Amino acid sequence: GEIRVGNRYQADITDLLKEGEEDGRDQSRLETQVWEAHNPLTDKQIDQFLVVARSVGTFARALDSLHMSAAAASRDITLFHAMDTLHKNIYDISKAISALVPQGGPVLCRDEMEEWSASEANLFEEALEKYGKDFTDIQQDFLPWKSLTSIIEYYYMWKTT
């Protein structure tokens, strides 16, 4: 419970740039844009597009439970992917819909919750009931072919049902 003074504690204060000096920072190496807030589109069109994106989703998983697959296609991964699809296609509805159905075939987007097999989900529940919330051990012993980060993602989604 003490605050310290010295060169090993305080930060070297960055000097204010002169009106002729430039910061020299590459913005691309810092960020990439995922959604522009100022679109030629209306809340209605975006809402409609998200319905279409969901529709394509259910139809996709119909091509190898009706409420089940619709709810599956309604999950945030599909929605987020739809928002990205819009942005990547410069907010052209016509163009963005073609991206959803590339060659007359739909696109599937499945989160770790939906993606795991019937046996993998069963392995998870055994690992949890035995090792508590020790996820490194849960993989090392029960699901060592899954990445740890996927097991985390799956866990939190499973916490719902």
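Residue positions are given as counts along the sequence shown, with the first one as 1.
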field: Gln27 preceded by how many uncoordinated deposited residues after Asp26
entry: none
Higher-scoring stretch by recorded Cα B factor average, 122 to 130 or 54 to 62: 122 to 130
statement: Mean Cα B-factor check, 17 to 25 vs 137 to 145, entry values; winner is 17 to 25
Out of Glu36, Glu114, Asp47, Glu31, residue topping the C-alpha B-factor column of the entry: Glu31
Lowest, middle or highest third - CA B-factor, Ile97: middle
- prompt: By its CA B factor, does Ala70 count among the lowest, middle or highest third of the modelled residues in the chain?
  reply: lowest
